[PDB]
Amino acid sequence: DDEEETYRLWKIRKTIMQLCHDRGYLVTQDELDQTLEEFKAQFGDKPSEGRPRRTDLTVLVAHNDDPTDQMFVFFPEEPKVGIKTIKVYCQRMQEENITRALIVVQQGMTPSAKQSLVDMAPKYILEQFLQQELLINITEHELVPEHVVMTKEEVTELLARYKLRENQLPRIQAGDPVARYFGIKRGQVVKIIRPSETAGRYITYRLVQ
Amino acid sequence: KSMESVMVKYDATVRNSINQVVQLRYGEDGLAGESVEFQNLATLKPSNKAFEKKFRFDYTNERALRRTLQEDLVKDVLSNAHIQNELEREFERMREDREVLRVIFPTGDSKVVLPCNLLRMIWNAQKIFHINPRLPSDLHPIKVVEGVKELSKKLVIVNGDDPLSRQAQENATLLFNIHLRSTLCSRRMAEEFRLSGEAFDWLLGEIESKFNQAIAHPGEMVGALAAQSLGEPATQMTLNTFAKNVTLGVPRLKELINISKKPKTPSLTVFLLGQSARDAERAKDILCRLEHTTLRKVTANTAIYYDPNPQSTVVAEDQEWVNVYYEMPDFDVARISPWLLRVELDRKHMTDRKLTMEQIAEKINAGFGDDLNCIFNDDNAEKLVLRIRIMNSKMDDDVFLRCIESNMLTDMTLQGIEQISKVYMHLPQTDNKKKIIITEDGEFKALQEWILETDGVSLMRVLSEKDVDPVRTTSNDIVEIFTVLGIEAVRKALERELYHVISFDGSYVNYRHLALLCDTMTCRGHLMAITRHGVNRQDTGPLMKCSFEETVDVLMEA
Amino acid sequence: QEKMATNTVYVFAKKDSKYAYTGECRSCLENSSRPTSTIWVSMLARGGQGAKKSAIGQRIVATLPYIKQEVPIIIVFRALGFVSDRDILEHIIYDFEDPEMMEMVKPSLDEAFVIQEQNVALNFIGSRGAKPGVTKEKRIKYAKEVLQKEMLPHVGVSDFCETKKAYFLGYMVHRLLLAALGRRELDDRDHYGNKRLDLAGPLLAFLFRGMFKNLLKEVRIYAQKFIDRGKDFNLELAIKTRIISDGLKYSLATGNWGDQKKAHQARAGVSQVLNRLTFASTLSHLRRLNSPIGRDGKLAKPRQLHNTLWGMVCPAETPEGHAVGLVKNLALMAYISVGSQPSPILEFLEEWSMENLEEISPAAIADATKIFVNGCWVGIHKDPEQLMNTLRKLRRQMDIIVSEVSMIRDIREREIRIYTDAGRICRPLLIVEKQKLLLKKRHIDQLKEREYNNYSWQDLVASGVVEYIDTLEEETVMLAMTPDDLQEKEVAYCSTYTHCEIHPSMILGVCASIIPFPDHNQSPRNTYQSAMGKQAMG
Amino acid sequence: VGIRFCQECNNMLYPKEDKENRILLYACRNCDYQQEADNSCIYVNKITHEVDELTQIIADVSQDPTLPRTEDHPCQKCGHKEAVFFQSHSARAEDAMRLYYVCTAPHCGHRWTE
Amino acid sequence: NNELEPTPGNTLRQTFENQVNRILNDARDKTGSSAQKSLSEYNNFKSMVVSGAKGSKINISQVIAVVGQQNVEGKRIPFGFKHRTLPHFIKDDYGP
Amino acid sequence: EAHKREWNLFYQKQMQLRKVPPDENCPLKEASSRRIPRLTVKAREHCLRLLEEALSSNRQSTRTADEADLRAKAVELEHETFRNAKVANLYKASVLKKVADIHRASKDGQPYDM
Amino acid sequence: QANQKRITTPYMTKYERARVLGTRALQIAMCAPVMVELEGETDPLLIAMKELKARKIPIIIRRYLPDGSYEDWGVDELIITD
DNA sequence: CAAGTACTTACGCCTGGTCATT
RNA sequence: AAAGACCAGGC
DNA sequence: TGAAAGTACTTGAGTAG
Ligand SMILES: [Zn+2]
Ligand SMILES: [Zn+2]
């Protein structure tokens with residue numbers, strides 16, 4: 001029906017707020033814990049021909065360390081995202097000189113849209129997320145351990161202590177769901193803290209290739 | 001041949017032939033498996049009141065203190081507040097460590113593998129130094145505290161003053177340190193074991209010596225050992241696994257090793273969150289939201305009739321409600337198509353799935369647009385009938401309706417998640433699948449909840465479903481866990497599946513061997529099958545690949 | 001050497017093939033010529049061909065010999081001169097009053113709606129052959145030759161036999177449709193009634209046919225190269241005796257069954273060396289059966305002990321290792337049929353009522369039983385019970401039917417199969433009439449005086465007391481294990497016993513009969529002893 | 001439900017609509033034969049296949065030695081005590097274990113399920 | 001007589017097979033328990049079972065009480081012949 | 001997945017080739033709406049008249065108040081049925097279910113409460 | 001690496017003990033001087049074990065850390081497991 | 001970018017005899 | 001005598 | 001009669017003035 005779509009939109013917003021928080025962006029506690037009833041009351045309820053048109057759901061966040069870069073999570077209405085919508089999104093980003101962005105597709109993006117999304121890679125990093133992938137926080141799963149994005153100083157210390165070339169570390173594909181969750185590019189190292197029935201804790205580090 | 005060259009280097013890091021780090025410490029703790037033994041945590045299980053009563057070291061009693069300690073030690077403990085603060089600090093540390101155990105060990109399984117046997121060594125200390133439990137001891141509790149701290153500093157797996165190495169050390173012996181603090185507690189050493197000073201020092205010495213002997217020996221070819229230790233149980237396991245049917249034994253080991261994309265029984269265990277966990281009806285309702293029920297699972301029989309005019313009603317028992325529908329301003333005035341598809345739906349399947357004819361009409365209209373007529377009985381009748389015409393007003397309507405009916409009965413997706421053949425529903429008897437919680441009194445308790453085992457695997461859709469627990473709904477196909485969750489998730493899942501296939505017969509393989517196999521797969525960033533595609537795909541040498549199933553091909557490529 | 005029983009229709013179901021149900025028939029012309037020229041009739045799964053299949057799985061197709069791809073069955077039927085779809089259906093469906101089978105066969109007709117003449121159908125078959133003919137005439141001639149000679153040669157290879165071939169092809173399609181509707185069980189794979197054993201007879205015949213073909217080929221070559229000159233020709237010089245002598249010698253010696261030049265493609269492991277360590281070993285080697293399936297197969301089913309091995313193959317004796325269940329040993333009473341030409345049975349059936357397939361209206365075949373002799377469909381019969389009683393009487397008295405000929409009445413399927421084929425495995429069972437043995441005291445009295453009385457086993461069999469029962473007649477036989485406990489009236493379990501076993505200790509073979517009290521052991525220990533006895537010393 | 005054949009070429013009749021008369025006509029495609037139809041049902045898809053097995057059973061199975069027989073259940077037509085009983089022996093038997101009885105004695109052939 | 005409701009998750013035939021296997025396995029277990037409880041303290045079978053040197057409780061149960069259900073492919077002895085396991089039985093005999 | 005799009009294209013290609021304000025006093029809430037496609041205002045009037053004769057029967061069987069407030073009651077019922085249905089056939093089915101429920105309530109003898 | 005900053009196990013591994021015993025035994029069999037006094041033992045393995053216990057083996061084990069650097073540990077410095 | 005095909009691999013060790021080709 | 005194939009067998 | 005699964009390859013294929 002349509003309350004299913006509102007439940008989906010609320011859960012997507014919850015997961016995206018957790019995703020923005022985990023990357024270190026400034027999100028309020030209420031944004032992280034907002035009930036479905038509260039979301040309907042604030043955003044009108046019924047999405048079809050209603051107050052939430054899947055626009056105005058976009059969330060702008062700023063990083064704790066420097067409030068200049070920010071990050072704008074979009075919400076396209078077209079089930080098949082095309083060149084035009086990502087183009088207008090990039091224009092809006094530029095007018096506010098914001099750098100990183102997400103695009104929460106409904107079903108998928110056209111191949112030309114994907115090529116254009118990877119085209120402006122150093123200028124404006126825009127990532128793509130299917131709506132289905134955002135209905136659960138994969139990091140909240142019991143099998144998924146705690147991933148922490150290591151800084152360059154920490155990675156330098158890591159390779160100094162163990163005397164490792166960066167390619168001797170275990171790897172993790174950039175398209176892995178957790179790596180995509182933290183938006184890790186090639187080169188960064190992710191610290192993985194997991195419990196063990198033989199040691200208690202084993203901190204691994206995986207390099208993104 | 002997958003892990004033949006994997007060994008423990010002299011920096012106590014497990015590395016393959018290309019100096020790639022597989023495990024930072026061998027078996028995540030750095031100790032060889034010959035010396036470890038089963039022990040009980042003794043702090044994970046007991047309740048808050050029991051934990052306090054067993055470890056607190058109540059120094060205020062002044063009566064049991066003299067019954068447990070020598071005369072002078074009681075006066076020292078009562079008078080000196082520094083000793084009291086040290087004792088309270090010890091207990092608070094035990095409480096923190098107990099919470100760490102609870103998060104590390106949910107399900108409350110205190111049976112752990114640790115290097116040196118604390119209980120046996122305390123018994124030996126009692127017997128060697130002729131401890132008389134009936135008489136008070138002569139050991140300062142602060143001596144126990146300081147001694148366990150000194151031993152903690154002296155038991156080192158990852159050395160160096162570096163904060164990184166310091167944290168690695170604290171992790172590598174955390175389980176053993178909680179075990180030592182719990183077993184060597186001041187209260188337990190003054191009340192239960194009642195050791196003496198010399199016996200306590202000897203106990204510290206032997207703990208240190210046995211722990212040092214346990215540390216992995218650099219040069220130990222861990223990979224070959226792990227491969228053989230997973231192959232030896234594979235010989236004795238039955239090739240057959242035989243109402244859920246999950247493949248076990250050599251076939252399941254083969255599916256796990258070869259990361260097969262088409263397992264015989266791709267299953268998905270689903271845990272329900274809210275009231276659906278404790279209620280049969282809501283559990284069945286969620287199951288109806290998961291299993292795939294096309295129109296064939298609900299249709300009794302479908303037949304195409306010739307109905308030149310709707311008023312004719314060529315089916316005799318279908319007049320009344322029809323003339324209720326066509327006495328309205330409908331499109332009958334135009335050339336309504338004559339051919340009719342009459343589908344009778346079975347009542348039993350309708351009431352088993354809580355479906356109604358209204359919802360089937362909605363599905364038909366959604367999947368075929370408003371340009372296809374679908375008027376139904378509106379139930380409350382002895383026969384569930386839906387009469388569908390193709391109103392448009394050459395592909396004559398008979399053949400087109402045959403194709404439409406075949407499509408509806410095959411792929412109409414009336415309800416549920418596709419590629420999910422059958423979803424069961426049962427209350428578990430074994431404790432692993434129950435809902436383990438921590439009571440208010442701090443005690444581990446198991447609550448029986450409804451769970452659903454599903455044949456077919458669609459992990460993302462089930463996890464996204466409302467009233468399905470995302471933190472516990474897992475699957476058993478390695479590839480789908482890798483695709484949905486990640487590479488670490490697939491590591492842990494593969495460990496669990498290997499553990500299942502090995503331990504289904506009660507057999508035990510030490511965790512480090514499974515850990516090394518699961519790491520040698522999920523280390524290069526992708527699920528690397530233990531097969532010619534993955535042992536011969538890595539960045540090893542041509543001569544190592546040339547010994548495993550390709551020979552001339554690898555040499556020609558090189 | 002085992003082989004699937006030729007001249008029979010077996011409806012199987014592949015696990016994941018593009019065919020759902022496949023009826024195969026291995027056809028040999030009374031072992032007179034050719035090894036076997038099989039025919040398949042499959043049903044093309046459930047997935048359609050775009051715009052024709054929109055039901056539960058249809059479009060019967062036929063895989064003929066020497067045709068590169070499949071041919072729809074209706075085209076094959078029309079190629080035999082049956083243009084009308086009513087005639088084709090009459091050959092396929094025996095009673096049109098059953099709409100389900102018609103609904104099952106209709107899309108196969110819809111596939112072949114385009115082709116509507118005999119010549120165009122034959123062209124359709126021919127153009128898909130090994131090499132399409134340049135002209136229509138060559139394609140037609142090749143298609144006719146494939147249809148008559150190689151496709152189903154056991155039913156007939158002499159010209160006008162097209163009607164008989166049509167009836168048998170319809171029978172295969174009817175078995176296929178029965179399996180598709182579910183009215184028939186899919187034929188058991190390892191069912192031993194579906195297996196024939198080639199003893200030294202058929203095997204040496206198989207080699208001798210090849211070597212004689214070679215001797216004739218060489219003599220024709222010699223004569224042809226000597227006749228261009230036109231002087232004369234001598235047979236003694238032209239005949240190379242080495243062909244027969246050395247071919248037989250090599251095949252028996254090396255074990256590779258066939259020509260020397262084709263050793264790799266030849267069957268191996270036949271004609272082993274008689275191991276003479278122990279007498280029991282010699283006997284076990286002389287009485288041994290070898291399933292030709294590769295020993296490296298991981299499928300457990302072809303190695304398991306089938307229920308049908310009861311009294312034919314020792315349940316215990318089988319070599320351990322990767323050849324377990326595939327090398328078997330005969331039970332004590334097992335006898336392998338040597339062969340008998342089925343001329344008298346056909347003559348008797350024709351004289352004693354029976355209506356041949358040529359002179360019967362197809363509508364009369366629904367309610368009549370179908371008499372098969374050596375697998376070829378010889379006709380239909382109206383009163384089947386009388387026929388079975390009369391045939392059994394003849395076989396018991398051994399006048400027209402020899403004792404090794406099997407007669408089966410599939411009652412639920414209105415079929416009667418008579419087998420005179422060599423290779424069937426049978427055991428002698430005592431005959432039970434009413435609820436008492438025909439083995440009276442007089443027979444034992446004459447056998448106790450076996451000397452100076454000229455009473456032997458053959459007199460016992462010719463007196464209608466004992467009867468050979470092969471594996472697929474054992475299905476229609478209710479057997480009493482022992483008389484003294486089962487024939488007698490009690491709380492009744494079965495009051496219709498048709499045969500009784502002489503002694504249930506004859507299920508065990510030669511090497512397993514030395515076991516004392518074998519019923520008390522665990523069966524694997526009996527297998528280990530069966531292996532060990534051949535290695536004993538004496 | 002079944003197949004209706006043409007009267008001239010005996011090839012299959014496919015369903016058709018008579019536009020001028022508005023009536024179901026089974027029309028032939030090998031020829032021009034057209035026939036008025038009375039069933040008004042081109043196709044029937046009994047997916048539940050609630051087929052009674054009594055029509056398939058043949059009375060000659062009564063004279064099968066291997067089948068079991070009871071004197072407890074007499075025949076409803078002739079009252080003969082002995083009756084040979086057997087299970088479905090066919091499809092849909094994986095969820096059906098009902099027994100079918102065929103009466104004995106020649107010429108009765110009655111069959112029923114209990 | 002069709003008085004057995006199909007257990008959820010299984011068809012009627014599988015439910016009946018489960019009932020038969022349960023009854024026969026319960027019988028084997030109880031008979032084996034009785035045989036074990038009837039062993040003299042001097043029994044050599046019991047001495048080797050308690051010693052664990054070579055043996056199992058089921059071995060005593062089979063050598064004294066009952067050998068038990070024989071399974072092929074995990075189900076009971078399949079109907080190799082036409083609806084009968086051996087010629088000596090009547091068709092559709094599902095008895096033990 | 002290929003079969004889905006193939007059948008969709010087939011159905012679209014085989015079906016494509018096959019292809020007023022309330023007068024004065026219509027008793028409907030937001031009658032000038034088109035949330036349900038191909039639902040003519042005359043169809044709404046006819047469904048309202050079926051509901052109104054149902055309410056008249058309920059009055060004759062349970063003695064409701066009067067027609068003056070039955071007008072507003074019918075307005076509310078039809079508006080609720082409008083908001084609970086999407087396609088025209090669904091609207092007809094929902095009004096049929098509601099009139100069947102009204103008939104059930106009238107036959108029970110109890111007044112048609114909310 | 002240099003003599004300082006030895007970051008490895010102070011204990012002598014079983015492989016190190018095995019190979020040091022084997023090499024010292026071969027040296028002794030090849031008329032090498034024996035560092036410890038011998039109580040009339042003629043088995044080179046037995047003399048080697050006597051020397052190892054007495055901590056008088058003239059062998060330095062070069063342990064190659066995976067980065068390529070090496071640590072040289074004298075046999076006398078390491079603590080024997082047995 | 002799917003549908004089609006072909007290729008490679010399928011326990012370890014051990015004992016004897018036989019035969020054809022050299 | 002040699003390595004190639006096959007066969008049977010032992011654990 | 002009664003081998004079979006992962007990874008290749010190997011083809012044809014595929015919105016405005
Ligand atoms: Zn015609
Ligand atoms: Zn009767």
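Draft legend 1. Molecular detail of the coordination of the zinc ion (ligand 2). Residue and element names in this part refer to chain D. Protein ligation of the zinc ion (ligand 2) involves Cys 75 (SG), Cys 78 (SG), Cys 103 (SG) and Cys 108 (SG), the donor distances falling in the range 2.3 Å. Classification of the site at the zinc ion (ligand 2) rests on its 4 donor atoms, whose angles at the metal span 102 to 114°, yielding the label tetrahedral. Donor residues for the zinc ion (ligand 2), ordered by position in the chain, follow C-x2-C-x24-C-x4-C. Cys 75 gets classed as buried once you look at its relative accessible area, which sits at 5%.

Draft legend 2. Layout of the UniProt feature "binding site: Zn(2+) 1" in chain D. All names here are of chain D. Feature annotation in UniProt assigns "binding site: Zn(2+) 1" to the following positions: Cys 6, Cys 9, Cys 28 and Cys 31. In three dimensions, the annotated residues from a span of 26 residues occupy one location, with a maximal C-alpha spread of 8.8 Å. By secondary structure assignment, the location of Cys 9 is in the segment before β1 (13–18). In this structure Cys 9 comes out as buried when scored by relative accessible area, which is 16%.

Draft legend 3. Fine view of a negative patch on the surface. Residues and elements named next belong to chain F. Taken together, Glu 52, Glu 53, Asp 66, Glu 67 and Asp 69 make up a surface patch of like negative charges. Breaking the negative patch down by element, the ones donating at least two residues are α2 (41–62) and α3 (67–83). Considering the arrangement of structural elements, one finds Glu 67 in helix α3. Overall, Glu 67 belongs to the partly exposed group, its relative accessible area being 34%.

Draft legend 4. Inspection of the protein's contact with RNA strand I at higher detail. Residues and elements named next belong to chain C. Near RNA strand I, the surroundings consist of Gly 269, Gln 272, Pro 319 and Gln 535. Among the atoms of RNA strand I lying within 4 Å of the protein, the sugar-phosphate backbone contributes 100%. Residues belonging to the surface near RNA strand I are distributed by class as follows: 1 nonpolar, 3 polar and no charged.

Draft legend 5. Focus on the coordination of the zinc ion (ligand 1). All names here are of chain D. Every protein donor of the zinc ion (ligand 1) is accounted for by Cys 6 (SG), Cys 9 (SG), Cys 28 (SG) and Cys 31 (SG), and the metal-donor separations fall at 2.3 Å. Around the zinc ion (ligand 1), the 4 donor atoms are arranged such that angles at the metal cover 103 to 112°; this shape is classified as tetrahedral. All donor residues of the zinc ion (ligand 1) come from one chain, and their arrangement in sequence is C-x2-C-x18-C-x2-C.

Draft legend 6. Looking closely at helix α5 (residues 118–128) of chain B. Residues and elements named next belong to chain B. For α5, the full list of buried residues reads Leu 118, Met 121, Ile 122, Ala 125 and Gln 126. All buried residues of α5 lie within an arc of 145° about the axis, which places them on one face of the element. Summarising the geometry of α5, the exposed residues directed more than 90 degrees from the buried face are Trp 123 and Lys 127. Tucked inside the fold, the buried residues of α5 contact β4 (37–40), α8 (174–183), α9 (186–191) and α10 (197–214).

Draft legend 7. Spotlight on the interface of chain B and chain F. Facing the 32 residues of chain B at the interface are 22 residues of chain F. Buried area between chain B and chain F, both sides added, is near 2700 Å², and the carbon and sulfur share of it is 60%. Ranking the residues of chain B by area buried against chain F places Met328(B), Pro329(B) and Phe400(B) at the top, with a combined share of 20%. Here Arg18(F) and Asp397(B) are joined by a salt bridge, their closest N and O atoms 3.0 Å apart. Among the elements of the structure, α14 (320–325), α16 (357–368), β9 (375–376) and α17 (397–411) of chain B are those that each provide at least two residues to the side of chain B that touches chain F. At 6 residues, the largest contribution of residues to the side of chain B that touches chain F is made by α17(B). Split into classes, the residues belonging to the side of chain B that touches chain F amount to 15 nonpolar, 6 polar and 11 charged.

Draft legend 8. Molecular detail of α8(B). A large share of α8(B) lies buried, amounting to 10 of its 10 residues. What α8(B) keeps buried is the set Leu174(B), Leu175(B), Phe176(B), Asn177(B), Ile178(B), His179(B), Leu180(B), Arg181(B), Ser182(B) and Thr183(B).

Draft legend 9. Quick peek at the arrangement of the chains. Counting contacts across all 11 pairs of chains found in contact, the highest total belongs to chains A and B. Across all C-alpha pairs, the smallest distance from chain D to chain G is 64 Å, and the two are not in contact. Of all C-alpha pairs spanning chain E and chain G, none lies closer than 34 Å, and the two are not in contact.

Draft legend 10. Broad picture of the protein's contact with DNA strand J. Surveying the vicinity of DNA strand J reveals the residues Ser260(B), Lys261(B), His533(B), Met4(C), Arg26(C), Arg189(C), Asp190(C), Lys195(C), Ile293(C), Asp296(C), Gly297(C) and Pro302(C). Among atoms of DNA strand J positioned within 4 Å of the protein, sugar and phosphate together represent 44%. Within the side chain of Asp296(C), one N or O atom sits 3.5 Å away from a base nitrogen of DNA strand J. Broken down by class, the residue content of the surface near DNA strand J amounts to 3 nonpolar, 3 polar and 6 charged.

Here is what the cut-offs are and how they apply
- Residues numbered from 1 in each chain as written, not as in the entry; some residues may be left out.
- Chains lettered and ligands numbered in written order.
- Part of a larger assembly, values for the part shown.
- Heavy atoms only, no water.
- Residues with missing side-chain atoms left out of burial classes, pairs and counts.
- Donors = N, O, S within 2.8 Å, 3.2 Å for Na, K, Ca; no water.
- Tetrahedral: all angles 85-135°; square planar, octahedral: opposite > 155°, others 65-115°.
- Buried < 20%, exposed > 50% of the residue type's maximum accessible area, 1.4 Å probe, protein only.
- UniProt positions renumbered as here; feature names shortened; annotations may be inferred.
- Helix = DSSP H or I, 4+ residues; strand = E, 2+ residues; numbered from the N terminus.
- Patch = residues over 30% accessible without salt bridge, like charges linked within 9 Å, V, L, I, M, F, W, Y side chains within 5 Å.
- Areas by Shrake-Rupley, 256 points an atom, 1.4 Å probe, with all protein chains shown as cover.
- Salt bridge = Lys/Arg side-chain N within 4 Å of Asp/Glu carboxyl O.
- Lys, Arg positive; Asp, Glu negative; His and termini not counted.
- Charge placed at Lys NZ, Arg CZ, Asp CG, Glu CD.
- Near = heavy atom within 4 Å.
- Nonpolar A, V, L, I, M, F, W, Y, C, P; charged D, E, K, R; others polar.
- Arc of directions from axis to C-beta.
- Contact = heavy atoms within 4.5 Å.
- Buried area = accessible area lost by both parts, 1.4 Å probe.
- Polar contact = N/O pair within 3.5 Å; in protein donor to acceptor, adjacent residues only side chain to side chain.

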